[PDB]
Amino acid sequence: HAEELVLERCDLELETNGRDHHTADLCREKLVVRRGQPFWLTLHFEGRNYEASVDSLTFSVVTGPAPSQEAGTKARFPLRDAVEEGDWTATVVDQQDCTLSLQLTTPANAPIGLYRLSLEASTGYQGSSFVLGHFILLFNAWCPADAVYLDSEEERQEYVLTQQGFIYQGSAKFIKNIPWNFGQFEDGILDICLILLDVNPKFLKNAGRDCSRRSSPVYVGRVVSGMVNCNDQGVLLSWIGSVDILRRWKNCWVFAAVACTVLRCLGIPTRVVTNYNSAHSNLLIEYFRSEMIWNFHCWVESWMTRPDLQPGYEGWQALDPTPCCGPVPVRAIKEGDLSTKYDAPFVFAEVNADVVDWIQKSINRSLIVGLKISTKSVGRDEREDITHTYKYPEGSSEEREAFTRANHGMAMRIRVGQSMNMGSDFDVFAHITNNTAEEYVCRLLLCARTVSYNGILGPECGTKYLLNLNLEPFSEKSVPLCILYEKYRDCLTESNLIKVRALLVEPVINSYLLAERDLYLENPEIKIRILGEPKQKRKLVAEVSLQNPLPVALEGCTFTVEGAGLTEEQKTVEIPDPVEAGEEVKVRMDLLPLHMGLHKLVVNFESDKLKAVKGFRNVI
């Protein structure tokens, strides 16, 4: 009897769906809705209207290029009165002459994306299936069952709906606030976001599974952090917004600015954050002039539960789109629980630095990381300081025990090993001890410069850099640097002093060890031989010598001796021929022992290349 239904059209109820779903700006032409919340379609039929007693209607939805029911990317569901909460469902909520108003709901953990919605109409003995249309399904911060649920309306407004904000920069002391147009809801932007997902490496590797994994904001946040930077494929490699950048792509704060735009667009509550660092003739700074430290650094935080981790990690997750990184729970960073996925040590190193001295074991505060961590206040044009979410107050028990959890005893001093003399070559050592059970891989910078008695530094006279020095547990090393006369001879100060400095960097936790030591290059000793016998009577001969310590010969060599109680007249002696390298120059002079007790003979040796060398000898 009854003839099959003919659909005249489907009304996508854009105005009503858009407002309820907080997607109004996105629903000018196509339907955009959020998961775990009912939305509406109105069917107009040509001819007779739906009759439940006769007509059976079934819906099918698919997303992606390899949809399956088991993967959650395909569903089939009948139009009926019973509504199973948490499932794909459709039910009648209004029936007029020629119209049929439907209420559909998706699971709160449905993969996000572009769905094709089809309808199968069946009047017993016959059926006809066809395409009703499409809708995009987004994350839903308004739905208590959704992983990105945020229990505060004003926060949902700020971190999802608001299209402009501030990205903080400048410095910790002069914080500047660049205003920025995220423009997540502008024409074309949503489609661009979906494309970015569709060309990510995991899609290429397994499209069906990628599309299925888009049920998770953990997974989606992760993919986006990775996609912002052109490894290639990525987006980035002046402006005041994200929109232009994304449009051109389809055809440093900027990295975070773009991630925020994309994440807000997809429905993940997100904010840009800025960390400031500061510095205060230091090896460290010299080092920095691919893990640079900058005056500031930006990333994003996104809001979600973490069922993939142990309990207690829901909330803000750090994601770092800077040249995949995250998401890591901010609280895991503050707790030094660095085994928490994803990439915790990297985020920890952005807000921590442990700098220790051995300027002979003291704390060095010339490098300071993790200050004034900043993000825009909710619903107000001002700055919120969130330093506290990342680190405990300096000096607290909680700070220290987090330091411990993060580190699970390393030491370094400068050593020489033997006598050091002007003119000779010799090694210096960075002696490094590692009385821990851990294994470390460090950068080492070890280098020497002349230095004046006033503390001013001369030119470099030795450098050894090692990219990757390994330290085994419970072991030590003496790493040598050769100091060459040839390299220091020309650049010595008034002193015979050289400053040795070493810097050990463990870049994972972000630890820094300095050691520093001044060395004195001894002058040759003047040997004074007393020939005869100390007679309160008379007549004595003193012999003085000096072995040349240079690898080169000395010219213009002259001794000068004097000593009240021994000689009555000072005696200068010019040595005629130059003294060869290693040669021992020798002169003699006569003495007339004045009186009885002790006397001191005082000698000065002079030369063109070696000057002001002194000696003395007591007598009697």
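The first residue of the sequence shown is number 1, and the count goes up from there. Here the rigid core means the biggest group of C-alpha atoms that line up within 1.5 Å when the two forms are laid on top of each other.
Asker: Can you check whether 365-373 or 107-115 lies farther from the displayed model in 5 other deposited structures of this protein, averaging C-alpha distances as RMS after superposing on the core?
Answerer: Looking at 365-373 and 107-115 in 5 other deposited structures of this protein, the bigger mover is 365-373.
Asker: Following superposition on the rigid core, is the mean squared CA displacement, expressed as RMS, greater for 263-271 or for 117-125 in 5 other deposited structures of this protein?
Answerer: Comparing 263-271 with 117-125, the larger C-alpha deviation in 5 other deposited structures of this protein belongs to 117-125.
Asker: Would you say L540 is commonly dropped, meaning unmodelled in a third or more of the other compared entries that have residues on each side of it?
Answerer: Residue status for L540: gap in at least one third of the other entries.
Asker: Establish whether the other compared PDB entries of this protein leave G86 unmodelled at least a third of the time.
Answerer: Yes.
Asker: Unmodelled deposited residues between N251 and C252: none, 1 to 3, 4 to 9, or 10 or more?
Answerer: Missing in between: 10 or more residues.
Asker: What number of residues from the deposited sequence go unmodelled in the gap from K173 to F174, classed as none, 1 to 3, 4 to 9, or 10 or more?
Answerer: Nothing is missing between them.
Asker: Which has the higher mean CA temperature factor in the PDB entry, 368-376 or 528-536?
Answerer: Mean C-alpha B-factor is greater for 528-536.
Asker: Can you tell me which stretch has the higher mean Cα B-factor, 557-565 or 60-68?
Answerer: Result of the comparison: 557-565.
Asker: Check the PDB entry and point out which of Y488, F185, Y149, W316 has the largest C-alpha temperature factor.
Answerer: In the PDB entry, the greatest C-alpha B-factor among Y488, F185, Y149, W316 is found at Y488.
Asker: When the CA B-factors of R76, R289, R331, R214 are compared as recorded in the entry, which is the largest?
Answerer: Of the options given, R289 has the highest CA B-factor in the PDB entry.
Asker: Using the B-factors in the PDB entry, rank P144's C-alpha atom against the chain and give the third, lowest, middle or highest.
Answerer: As the PDB entry reports it, the C-alpha B-factor of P144 lands in the lowest third of its chain.
Asker: Could you say whether, by C-alpha temperature factor, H595 belongs to the lowest, middle or highest third of its chain?
Answerer: Tercile = highest for this residue's CA B-factor.
Asker: Compared with the other modelled residues in the chain, in which third is the CA B-factor of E13?
Answerer: Tercile = lowest for this residue's CA B-factor.
Asker: Quick one: classify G47 as lowest, middle or highest third of the chain based on its Cα B-factor.
Answerer: Within its chain, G47 is a middle-third residue by C-alpha B-factor, going by the deposited values.
Asker: Lowest, middle or highest third: where is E543 by Cα B-factor in its chain?
Answerer: For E543, whose C-alpha B-factor we compare with every modelled residue in the chain, the answer is the highest third.
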